[PDB]
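Before any questions on how it binds or moves, here is one chain, the form solved without inosinic acid, in structure tokens.
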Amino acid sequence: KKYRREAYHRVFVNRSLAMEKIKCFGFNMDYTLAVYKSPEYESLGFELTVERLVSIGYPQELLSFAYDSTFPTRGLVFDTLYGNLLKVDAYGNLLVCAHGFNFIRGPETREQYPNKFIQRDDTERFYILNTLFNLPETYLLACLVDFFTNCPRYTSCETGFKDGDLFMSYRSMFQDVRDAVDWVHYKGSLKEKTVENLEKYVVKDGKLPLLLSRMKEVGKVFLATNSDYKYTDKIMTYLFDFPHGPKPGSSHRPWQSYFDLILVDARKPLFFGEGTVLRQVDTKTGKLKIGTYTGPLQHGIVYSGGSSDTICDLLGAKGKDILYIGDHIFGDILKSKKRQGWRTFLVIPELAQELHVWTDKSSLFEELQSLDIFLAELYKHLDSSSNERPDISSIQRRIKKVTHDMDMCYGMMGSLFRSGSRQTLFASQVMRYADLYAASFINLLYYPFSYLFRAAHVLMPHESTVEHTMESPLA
């Protein structure tokens, strides 16, 4: 039995990585350093989207919607043609299909998805609700479908609803939701009401300055956020407001002092390709300077826009010397660039409450391995030369009821990573994108900066189920 950190502190390794060769730690801000509290933050976002939808003309019944965190799972696929929330596997196959709040079973899925299959490439048809900000709109969409479906004033249709002489399609409707969320995030009052009560909305943890401290003793540390500087200063100042610096008794110091480079208005994902013009920010006003200091790496400066390359020049680093910590899954379309890629630490908040299910619901996992063992015993001496057709309909039904019992410990749309046997599309892009992942980057605090992160083998069927311990010539 090999030693492993306690489960809640671990950094999970998809591809091996020698920490010693890391010269730079980069940081996302939103949902990486600034972990927005849950359900509270989603409920805020949700409410501001409903109100904005009502002001543009939506029916007042929407004001009755209250966000329910137990419904959405991140990563779902909205089908703007059929108004369905879909949980797909890595290869496009349906796992969960719910219309509004109505969960469709296998046989009925074949009416609209005759081969239980969607074409995820059809960017026109489907929208992947991949991001922690997409959480409220995921519930909102089910709500609106559930509402209009059950409200007498409207007639339900394959692709939407009839409202007298009018027709709101699930696709027209989805765009309203999408635009409203954009409006809430940009011209709206989300960042306003967030800053006006940070205790309510943003987690504060005092190990965060400690961790960034030791990072800077052994490497360079930078920040590259998409939010403007006025919003960053407010959120970063609160994350560092303690009556002491990194360790207690020591003097507090500004948050800018924990970074060798600070960049705002990055404009990710375009940041990683050509970029934008590299600007510098007057920190007094939070407004761009007209000129821009170009030269060596001196501090006090806050850069705006730019590109991933620009960061690499200023820090004096090759790509693979940069570990980049964040909450987003940047597509494999930037990996193509002949530039050296950044290493990756992906933050997946869900991980915490799912590692809980995994350790506290062990009774259900055991009941599954029992029926599985028992089922293999009923066939132990059966082959193609066997008449016998055992009765396994009730034990097949029990396996059906216990995985669903297990599926529901995660939420109404199940685990983020799997549904029963199959891995979800989301876990597929986690494995493709992320060298390292965990629930918070703060888990880096429990590993020496000399650590060797040796990845685990993702075993194939013939690899997990046969141990290392005359043949037909067809083999």
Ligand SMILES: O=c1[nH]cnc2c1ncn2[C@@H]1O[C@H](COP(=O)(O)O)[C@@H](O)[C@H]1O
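C-alpha atoms forming the largest set that superposes within 1.5 Å between two forms make up the rigid core. In case it trips you up, residue 1 is the first one in the sequence shown, and so on.
Per the records, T131 is modelled in every other compared entry, just as the shown structure includes it, so no third of them leave it out. In at least a third of the other PDB entries of this protein that model the residues around it, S336 has no coordinates. Per the record, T469 and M470 are separated by 4 to 9 deposited residues that have no coordinates. For the pair 180 to 188 and 81 to 89, the mean B factor over Cα atoms is greater in 180 to 188. Of the two segments, 30 to 38 and 404 to 412, the one listed with the higher mean B-factor is 404 to 412 (C-alpha atoms only). When the Cα B-factors of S394, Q256, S172, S213 are read from the PDB record, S394 comes out highest.
Across the options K234, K268, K335, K116, the residue with the most elevated CA B-factor in the record is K335. Remark: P107 belongs to the highest third of its chain, ranked by C-alpha B-factor as recorded. Per the PDB record, residue ranking by Cα B-factor puts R52 in the middle third of the chain. Annotation for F126: CA B-factor lies in the highest third of the chain's modelled residues. When the CA B factors of the chain's modelled residues are split into thirds, the value for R279 lands in the lowest one.
Ranked within its chain, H381 lands in the highest third, by CA B factor from the PDB record.
Just so it is clear, the following notes concern the form solved in complex with inosinic acid, a form of the same protein that is not shown.
Among the residues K230, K289, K361, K268, the one placing a heavy atom within 4.5 Å of inosinic acid in the entry with it bound is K268.
With the partner omitted here, the residue from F147, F133, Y113, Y139 that has a non-hydrogen atom within 4.5 angstroms of inosinic acid in the entry with it bound is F133. Only one of 315 to 323, 300 to 308, 178 to 186, 156 to 164 lies within 4.5 Å of inosinic acid in the entry with it bound by heavy atoms, and it is 178 to 186. Taking the partner from elsewhere, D30 is found to have a heavy atom lying within 4.5 Å of inosinic acid in the entry with it bound. By the criterion of a heavy atom within 4.5 Å, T73 is excluded from the residues contacting inosinic acid in the entry with it bound. Interface membership of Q280, defined by any non-hydrogen atom within 4.5 Å of inosinic acid in the entry with it bound, is ruled out. In the entry with it bound, inosinic acid sits within 4.5 Å of a heavy atom of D327. Looking at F103, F242, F71, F365 after a core superposition between this form and the one not shown, you find that only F365 has a C-alpha shift of 2 Å or more. Taking the rigid core as fixed, one finds a CA shift for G92 smaller than 2 Å between this form and the one not shown. Once both forms are fitted on their rigid core, the CA atom of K335 lies 2 Å or more apart between this form and the one not shown. Taking the rigid core as fixed, one finds a CA shift for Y186 smaller than 2 Å between this form and the one not shown. Cα of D332 to Cα of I322: at least 3 Å shorter in the entry with it bound than in the shown structure. Distance between the C-alpha atoms of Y36 and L334: shorter by at least 3 Å in the entry with it bound than in the displayed form.
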